[PDB]
Structures are given as structure tokens and as C-alpha cells.
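Data first, discussion second: the structure below is written as C-alpha cells.
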Amino acid sequence: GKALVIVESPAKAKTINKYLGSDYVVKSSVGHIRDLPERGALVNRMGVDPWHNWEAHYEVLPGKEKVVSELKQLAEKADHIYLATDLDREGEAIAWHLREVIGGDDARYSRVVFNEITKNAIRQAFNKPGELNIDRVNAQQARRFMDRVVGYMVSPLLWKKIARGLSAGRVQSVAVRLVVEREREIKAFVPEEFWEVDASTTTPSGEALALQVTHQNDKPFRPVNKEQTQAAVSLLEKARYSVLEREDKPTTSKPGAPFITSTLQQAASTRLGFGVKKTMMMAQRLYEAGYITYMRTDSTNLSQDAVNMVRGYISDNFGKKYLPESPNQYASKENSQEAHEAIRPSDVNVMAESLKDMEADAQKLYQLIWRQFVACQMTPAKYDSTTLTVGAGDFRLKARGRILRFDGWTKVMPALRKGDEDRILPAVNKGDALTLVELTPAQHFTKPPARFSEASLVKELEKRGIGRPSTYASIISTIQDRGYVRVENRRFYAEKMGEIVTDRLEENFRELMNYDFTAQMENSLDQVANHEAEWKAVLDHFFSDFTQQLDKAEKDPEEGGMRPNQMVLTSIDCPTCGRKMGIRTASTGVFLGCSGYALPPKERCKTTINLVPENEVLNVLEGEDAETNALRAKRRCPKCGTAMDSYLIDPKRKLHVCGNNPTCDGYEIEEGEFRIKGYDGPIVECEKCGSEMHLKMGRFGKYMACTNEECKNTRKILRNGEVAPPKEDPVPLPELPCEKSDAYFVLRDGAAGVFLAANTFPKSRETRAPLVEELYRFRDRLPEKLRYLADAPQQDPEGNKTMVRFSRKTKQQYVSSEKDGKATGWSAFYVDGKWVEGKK
Ligand SMILES: [Zn+2]
Ligand SMILES: [Zn+2]
Ligand SMILES: [Zn+2]
């Protein structure tokens with residue numbers, strides 16, 4: 001009969017079915033197809049029981065029903081099913097799930113691995129196959145379960161001790177820790193002043209020669225102030241300059257490795273300004289159109305064919321001097337493994353300019369990938385480097401030059417700009433005298449560590465083996481949405497909440513917060529994959545340690561438990577009761593609170609103030625200075641050397657807070673005036689004062705309010721529009737049930753139109769317009785004006801059903817019909833006491 005082959009990526013399937021034709025039926029799982037959804041509720045939620053030998057409850061993904069289904073019937077007309085997922089443990093597990101979802105007998109299943117697309121591979125695939133590795137499968141189940149336990153058992157602790165909506169995770173929490181540590185590193189940085197002196201001179205001929213002072217009395221020349229710099233210039237001005245040595249030497253430049261997911265993101269970010277998510281979107285398009293290989297990879301390897309293809313191209317398009325004697329070698333990691341391959345063009349002969357079916361940005365990304373791939377296999381660039389040593393009294397001066405002799409790989413990947421050594425030096429020999437023209441002293445300051453960028457953090461994660469190609473982007477977003485860090489000017493900033501959570505987690509879950517936790521986990525997982533350990537036993541050890549930490553964290557702070565959030569007061573008057581005010585962190589952000597929150601109802605105060613931070617605006621034109629000056633800009637805490645971070649409380653007042661808050665309690669208040677935002681979201685203009693209006697959340701769901709503290713004009717969210725003017729006139733219907741939820745529908749009016757909405761609106765958020773027949777059924781409830789809509793024609797000339805819509809261009813209600821949810825292109829309007837109907 002016909003053989004059924006299953007792979008992970010659809011694009012790869014279509015390609016396999018080709019180099020195999022009919023007789024076989026290739027398809028793809030398009031991912032995992034199945035996954036997870038003492039206390040019984042907790043176990044039901046987790047989908048795994050740590051107290052019952054790890055029994056689990058897998059269930060098809062809410063978006064793979066079709067895939068699974070269409071894969072079902074296909075198993076009938078199939079003789080022998082060939083699971084062809086990736087050889088790693090994740091792929092191995094997808095194979096295991098397929099086999100248990102399709103059912104059948106073990107013998108009806110086979111495991112095959114495809115090397116490449118070449119027929120020299122798709123053939124050998126069925127040549128010497130095998131079956132699924134249970135050890136590999138269990139290794140992946142162990143990882144998946146450990147990640148589950150941590151997230152579903154630690155987060156709740158956070159909800160109790162810190163705030164609701166918070167989360168913790170093996171990968172997630174260390175990514176934040178990295179940002180938090182860099183933040184503290186920057187805030188504590190103190191710029192150091194240092195001076196440099198350069199001298200312009202003339203050779204015996206008359207040529208110009210620029211020199212840098214390197215030594216004085218044989219010690220590195222590095223004055224720290226103007227005074228010292230002057231003492232030196234005074235001596236250099238009177239000194240005799242003579243050449244000591246001229247060292248001419250041939251130097252080379254080497255191309256880099258082809259791209260992997262992390263490096264592609266970094267290169268796209270530095271040369272094209274692309275964000276991680278965007279880069280992956282374009283890369284995805286390119287892959288699906290067959291121009292490049294999978295965009296998710298951690299290996300820079302190249303097949304022999306790939307290498308012959310590129311050398312073949314270099315040979316015809318550049319000549320011999322560009323083609324190395326033998327393939328360029330790189331990456332010798334002894335622990336390295338083999339997976340898919342590096343990101344490169346599927347066909348070197350295809351130029352970016354010929355992809356007229358792709359967006360311009362996708363062509364730019366392709367060009368980046370192409371050039372990196374071709375330069376990688378070309379010859380080195382060759383330069384003649386010259387170094388001049390000069391003596392002047394007790395000083396030593398230097399000059400370095402470089403002249404390009406052969407571009408090599410830079411022919412395809414040019415030097416964006418000339419470097420400091422990309423210059424020439426005049427002919428001068430040892431012993432020659434030099435004539436001093438002028439001395440230029442320069443003041444400098446060391447700069448703080450650079451802030452992370454999305455690609456930059458990804459780079460750090462991969463360096464420590466923390467994430468995965470398919471999850472890097474996802475990680476960068478989660479930590480933002482959770483409110484732990486924020487991005488500004490394409491750079492990361494740690495939020496107060498991130499610091500709070502990072503400190504708590506480090507205090508009560510040190511092991512989990514160690515950067516190498518993943519590496520250590522990988523070792524144990526490999527042992528399970530290699531029959532050197534049993535998976536349930538490994539999970540049991542893990543769980544025992546974890547529960548020891550969790551239970552300890554649950555206790556009161558005095559017994560070693562997790563510290564619950566802490567109020568730090570400050571001199572500010574609560575607008576409701578004037579009292580001193582304190583600085584607080586919630587999952588929403590960092591905010592100003594009044595101690596009456598901790599007093600029982602009688603004396604309770606729920607007034608709160610939002611703390612707008614002063615965003616650091618790094619000047620790109622300052623280059624390396626830009627971060628140092630940012631650190632200089634900050635105030636410094638009175639009680640400690642730690643820098644201070646700055647916030648706005650009034651159009652007259654500004655607030656400074658220490659970096660080690662709340663461990664350090666220093667605060668400062670300044671007559672500083674700037675602007676303040678009530679919160680953030682859909683920008684709206686307040687009709688009562690023209691100021692910006694934002695979107696806010698609270699105990700009553702979502703409302704819209706104006707940033708001007710002098711105006712409380714508040715709009716609101718509605719079912720099928722951006723915002724609703726002030727508030728409007730609603731009517732409830734208990735007889736219309738919701739369909740996605742158990743709620744009932746209510747009828748509402750506004751500038752947007754007339755709409756149905758669910759009674760638990762902030763939670764249900766269910767959306768639809770009313771049908772004319774519905775209105776006719778509840779015509780008695782309709783307010784007097786709305787009755788006409790019930791008079792409207794209930795069905796169109798085709799007998800389809802009709803709905804009520806708002807014509808914004810004419811500010812009036814109309815009725816329209818839909819078939820298969822699409823508009824029929826028919827409408828009826830109300831014009832002077834009559835209903836008129838026709839084509840849209
Ligand atoms: Zn108060
Ligand atoms: Zn301090
Ligand atoms: Zn307003």
C-alpha cells in the first residue's frame with residue numbers, strides 16, 4: 001500500500017514529497033499537536049502529578065484539531081507509518097505523541113531521519129531506519145515537567161507574597177536577572193576622567209605625521225586631570241622628537257561564520273534596525289518561499305554540497321585569488337553536536353534583487369544572509385600594517401597605519417566605514433628627526449556598561465545556553481508584558497517589579513536563579529537519554545529539592561520565608577488625607593501609595609498616585625559617551641554611593657529614589673516640573689480639555705481617563721469601538737444567552753452605534769451586533785427611539801438574516817445582511833419615517 005510519512009514543517013514536507021513523488025503521502029504535524037493544559041486542583045491545573053509517579057494528562061492543542069483529524073483518516077490508506085521528525089528529544093517526543101494519537105500497532109510505525117533534501121539523503125532515509133527512542137522521549141518529558149512544576153508552583157507563591165499576575169520560570173527569571181544586574185551595574189557606575197595627548201609633526205621631508213603619547217618615564221601615559229596634562233604638554237613642547245622604530249608587517253582580516261538564529265537577529269538589528277520579532281517574521285517568509293533553510297537553528301554548520309555550491313559560485317564570479325585552496329574551517333568545540341544546518345540561501349545563484357515576490361525588508365534580510373554565506377568561504381583580506389615608535393625626552397609616542405592590499409571577502413561584504421588603522425603613514429626611517437607643529441590635549445571619561453538591546457540580550461542568553469532559537473523572541477516579549485523590564489530607544493530598562501521579584505527569587509530559590517541551572521539540567525537530561533539515569537527518579541530528586549525550597553519560602557519572613565512587598569514612606573501629601581506617602585511595586589509597575597491602605601476599613605485610604613519615570617534619552621551622536629553621560633546625569637543617594645532614579649509626582653514636583661530601594665530608604669523631592677501620564681494605552685483626546693487621554697485598568701475592568709490632573713473626564717471601552725463618549729443608556733436581555741461564555745446579553749448605545757454586550761463585560765468581552773429579528777423579539781424593552789430598528793426589514797431579498805450597523809459618514813443606523821459571516825452587499829436605511837433598501 002501507500003506509505004505515510006510525517007515531518008514537523010509543512011514546507012519541508014512539500015519538498016520531501018517531491019524528491020519521492022507519489023506512492024507515498026507526506027504530511028506535517030506543524031508543531032507538537034499535544035501538550036499539557038499535594039492539592040488536587042493544583043494537579044488538575046498542572047496536568048502532571050508529582051505525588052503520583054508523575055502521571056500526566058496530555059491533550060491536543062486547541063488549534064491542531066484539524067491537523068490531528070486530517071491525520072487520522074490518512075492513517076487508513078497507509079500500510080506503514082514513517083515518523084520523520086527531528087532526531088533531538090523534542091522531535092522524538094512529537095513522534096511519540098503522533099504514535100499515541102493515531103493509535104495502531106507498534107509494527108505499523110517506523111522512525112526515519114532525513115539528512116538533506118538531496119536524493120542522496122531522502123533515499124538513505126528509508127534505507128537504514130529504526131524506531132523511536134523511549135529514553136529520548138522520557139528525557140523531554142522530564143524537562144517539560146520540571147518547567148511546569150516551577151511555573152505553576154512558584155508563581156502562586158508570588159501572587160500571595162508580592163502581587164497577582166506575576167510569574168516565574170527557569171528561562172524567564174534569569175533573563176530578567178540579567179537585565180536587573182546590568183541596571184544596577186549602570187546606576188552604580190562612576191565615570192573616571194583621563195586625558196590623552198596627540199602631537200602633529202613634520203617628517204624631514206615635510207609630510208604630516210600624527211602621534212599619540214603612550215609612555216612617560218616608561219609608564220603608561222594617562223593623566224587624570226588638566227593640571228597633570230599641562231605639566232606634560234610643557235615638556236613635550238620643548239622636546240626633540242626622533243624615530244625609534246618602524247615595524248611594517250602583513251596582517252589579515254577573516255570573514256565570519258554563516259548565520260544562526262541569534263547572530264542573524266544581531267546582524268539584522270545592527271545593520272538594518274530590525275527588531276528580533278520582525279527579523280524572524282521576514283526570515284519565516286523567506287523560508288516558506290524556499291529561499292533559505294529553517295530560521296531556527298543553533299548550528300553554524302554547512303553541508304559539503306552547500307560548500308561546493310558556494311566555492312563554485314566564488315570561482316566563477318570572483319576568480320582564484322578569492323577562492324581558498326581548500327574550504328574555510330571554523331568551530332572546533334569538542335562537545336559540539338550536529339543539527340539541521342546554518343542559515344543560508346538555498347541556492348547561491350539566487351540574488352536578492354530577483355525576489356520580486358517578497359517585501360523589500362525580506363530582500364534586505366536575504367541579502368544579509370547571502371553575503372555572510374559567500375564571504376564566509378572566501379579568502380582573507382590582506383593589509384600592510386605600519387607601527388611607528390617615537391621618542392621625545394622621557395616620552396614615547398606612537399602612530400599606526402594600514403593600507404589595504406587585497407580585499408578578499410570584503411569584496412562581497414564591504415567595510416561599512418574606515419577604521420582607525422585604515423590610514424597611511426609617511427616614509428621615515430629609524431633615527432630621523434621630527435618637527436613639532438602642535439600638541440592637542442583631550443579630556444575623557446570612562447563610560448558605563450552598555451544597556452541591553454533585544455538582540456543583545458538574546459546574544460547573552462545563547463552564550464549561557466539559556467534559551468532556544470524558537471523561544472528567544474518569545475522570551476523578550478514575556479518579560480515586558482509581565483512588567484519586569486521595559487524597552488526604550490530600543491534598549492532595556494529594569495522595572496522596579498523586576499528587581500523585587502529577582503531579589504525574592506534569589507533569596508528563596510538560589511539554585512533556580514543560578515545562570516547555569518539550565519546547563520546542569522541538560523547534563524541530567526542527557527543521562528536519561530543515555531540510559532545512565534531513570535527519568536522519574538531524576539524528577540523525584542529535583543522535586544524533593546524544589547519542595548524543600550518552596551515550603552521554606554511559604555513561611556513567615558522570620559522563619560526564612562519569602563519577604564512580602566515592603567512599603568517605604570516619603571514626604572508627600574496624599575490628596576485625600578495629606579499623609580506621608582510610600583513607594584510600592586505591583587505587577588502593574590511602580591507607584592505611590594498611602595499608608596492608610598494597611599488600616600482597617602474605618603481608617604482605610606485607597607488613594608494612589610502613578611509614578612511616571614524620567615526616560616533616559618541616550619544621544620546616538622555621543623557614541624560611547626552616551627551611556628556615561630546618562631550615569632553622570634543621575635543624582636546620587638545621600639546614604640550610599642548608589643545612583644538614583646527619577647520620577648514625576650506633580651507639574652511642580654519631581655521625585656528621586658535610590659537604586660537599592662527598598663533595601664536603601666533614601667529619597668529626595670525636588671521643585672522639578674515635567675509632564676505626567678495617568679497610565680498608558682489607546683491615546684485619546686479629552687473633549688473637555690484637549691489633553692491626552694489614556695486607558696486604565698482597575699477593580700471595575702477598563703475605563704479611559706485624561707492625564708491632566710485638573711480634569712476627571714473619563715470615557716469607557718465598548719464592544720466594537722476604540723472608546724465611548726462619557727457614559728450611555730443600556731437595556732438588559734436575560735433571554736439572549738452568550739455563545740463563547742455562559743453570560744447573557746445586554747443592549748447598549750453610543751457614538752459607535754447600538755450593540756449587544758455581555759453582562760460580565762470586563763471578563764466576558766464578547767462581541768456582536770444585534771440582529772433585526774432579535775430586536776423584533778425584544779421590541780417592548782427597546783427605548784422609544786430604538787423601536788424603528790425593529791420596524792426595519794428583518795430579512796433581505798435572498799432570505800438571509802439582517803444585522804444593525806452605524807453609517808459614521810451620515811450619523812445614522814442602517815440594516816445589512818450577511819451570509820457565511822461575509823456581507824451580502826445589501827443595506828436598508830431609514831430616511832424620513834420610511835425604510836429604503838438596495839445594493840451597498
Ligand atoms: Zn491617604
Ligand atoms: Zn541609597
Ligand atoms: Zn481632560
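Ordering of the C-alpha cells sets the chain letters (A, B, ...); residue numbers start at 1 within each chain; ligands are numbered from 1 in the order shown.
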>> Distance limit 12 Å, reference ligand 2, atoms considered: only C-alpha atoms and all ligand atoms. Which residues make the cut? Give them as a PyMOL selection string.
In response: chain A and resi 184+187-188+635-645+656-668
>> Show me, as a PyMOL selection string, the residues that have an atom within 10 Å of residue 414 (chain A) when counting only C-alpha atoms, minus same-chain residues fewer than 5 positions from it.
In response: chain A and resi 371+375+407-409
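Using only C-alpha atoms and all ligand atoms, the shortest contact distance between ligand 1 and any of A:787, A:765, A:606, A:111 is found at A:606.
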>> Could you pull out the strand (DSSP E or B) residues of region 639-783 of chain A, going by DSSP on the backbone, and write them as a PyMOL selection string?
In response: chain A and resi 643-648+654-658+667-670+684-685+692-698+701-706+714-718+721-724+731-737+744-750+753-758+768+771
Ligand 3 neighbours within 6 Å using only C-alpha atoms and all ligand atoms, as a tab-separated table (two decimals) with C-alpha atoms, in the first residue's frame:
```
chain	number	residue	atom	x	y	z
A	686	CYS	CA	-10.21	64.59	26.09
A	688	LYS	CA	-13.46	68.62	27.85
A	689	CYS	CA	-9.79	69.90	27.91
A	691	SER	CA	-5.28	66.86	26.80
A	706	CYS	CA	-7.47	62.03	30.96
A	708	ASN	CA	-4.50	66.27	33.08
A	711	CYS	CA	-9.78	67.00	34.75
A	713	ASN	CA	-13.45	63.31	32.42
```
Please report as a Markdown table every residue of chain A lying within 7 Å of ligand 1, along with the nearest atom pair and their distance in Å (one decimal), using only C-alpha atoms and all ligand atoms.
```
| residue | atom | partner | partner_atom_place_in_ligand_line | distance |
| --- | --- | --- | --- | --- |
| A:574 | CA | ligand 1 | 1 (Zn) | 4.7 |
| A:575 | CA | ligand 1 | 1 (Zn) | 6.8 |
| A:576 | CA | ligand 1 | 1 (Zn) | 5.1 |
| A:577 | CA | ligand 1 | 1 (Zn) | 4.4 |
| A:578 | CA | ligand 1 | 1 (Zn) | 6.2 |
| A:579 | CA | ligand 1 | 1 (Zn) | 5.7 |
| A:594 | CA | ligand 1 | 1 (Zn) | 4.6 |
| A:595 | CA | ligand 1 | 1 (Zn) | 6.7 |
| A:596 | CA | ligand 1 | 1 (Zn) | 5.7 |
| A:605 | CA | ligand 1 | 1 (Zn) | 4.9 |
| A:606 | CA | ligand 1 | 1 (Zn) | 6.8 |
| A:607 | CA | ligand 1 | 1 (Zn) | 5.6 |
```
Write out as a PDB file with N, CA and C atoms, in the first residue's frame each polymer residue whose atoms come within 9 Å of residue 189 (chain A), counting only C-alpha atoms; drop sequence neighbours fewer than 4 positions from it.
```pdb
ATOM      1  N   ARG A 184      21.654  47.664  37.777  1.00  0.00           N
ATOM      2  CA  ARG A 184      22.371  48.032  38.989  1.00  0.00           C
ATOM      3  C   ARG A 184      23.816  48.376  38.675  1.00  0.00           C
ATOM      4  N   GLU A 185      24.377  47.701  37.678  1.00  0.00           N
ATOM      5  CA  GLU A 185      25.757  47.943  37.276  1.00  0.00           C
ATOM      6  C   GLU A 185      25.875  49.376  36.763  1.00  0.00           C
ATOM      7  N   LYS A 447      33.056  55.247  30.328  1.00  0.00           N
ATOM      8  CA  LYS A 447      31.609  55.131  30.215  1.00  0.00           C
ATOM      9  C   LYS A 447      31.047  53.867  30.852  1.00  0.00           C
ATOM     10  N   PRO A 448      29.802  53.935  31.335  1.00  0.00           N
ATOM     11  CA  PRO A 448      29.158  52.776  31.966  1.00  0.00           C
ATOM     12  C   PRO A 448      28.872  51.672  30.955  1.00  0.00           C
ATOM     13  N   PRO A 449      28.616  50.441  31.437  1.00  0.00           N
ATOM     14  CA  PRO A 449      28.323  49.309  30.548  1.00  0.00           C
ATOM     15  C   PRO A 449      27.109  49.639  29.685  1.00  0.00           C
ATOM     16  N   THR A 628      27.730  56.902  29.521  1.00  0.00           N
ATOM     17  CA  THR A 628      28.448  57.519  30.632  1.00  0.00           C
ATOM     18  C   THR A 628      27.773  58.805  31.070  1.00  0.00           C
ATOM     19  N   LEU A 631      24.796  58.168  33.182  1.00  0.00           N
ATOM     20  CA  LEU A 631      25.126  57.926  34.579  1.00  0.00           C
ATOM     21  C   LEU A 631      25.484  59.231  35.267  1.00  0.00           C
ATOM     22  N   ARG A 632      26.218  60.102  34.574  1.00  0.00           N
ATOM     23  CA  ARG A 632      26.522  61.408  35.141  1.00  0.00           C
ATOM     24  C   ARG A 632      25.248  62.189  35.439  1.00  0.00           C
ATOM     25  N   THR A 642      25.207  54.547  45.731  1.00  0.00           N
ATOM     26  CA  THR A 642      24.360  54.103  44.633  1.00  0.00           C
ATOM     27  C   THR A 642      23.646  55.281  43.980  1.00  0.00           C
ATOM     28  N   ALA A 643      23.575  55.247  42.654  1.00  0.00           N
ATOM     29  CA  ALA A 643      22.853  56.251  41.894  1.00  0.00           C
ATOM     30  C   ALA A 643      21.366  56.227  42.241  1.00  0.00           C
TER      31      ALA A 643
END
```
> Which residues in region 439-640 of chain A does DSSP call alpha helix (DSSP H)? List them as a PyMOL selection string.
Replying inline: chain A and resi 454-463+472-481+496-508+517-529+535-554+625-633
>> List as a VMD selection string the protein and nucleic acid residues near residue 822 (chain A), meaning an atom at most 12 Å away when only C-alpha atoms are counted, but skip any in the same chain fewer than 3 places from it.
In response: chain A and resid 800 to 803 816 to 819 825 to 826
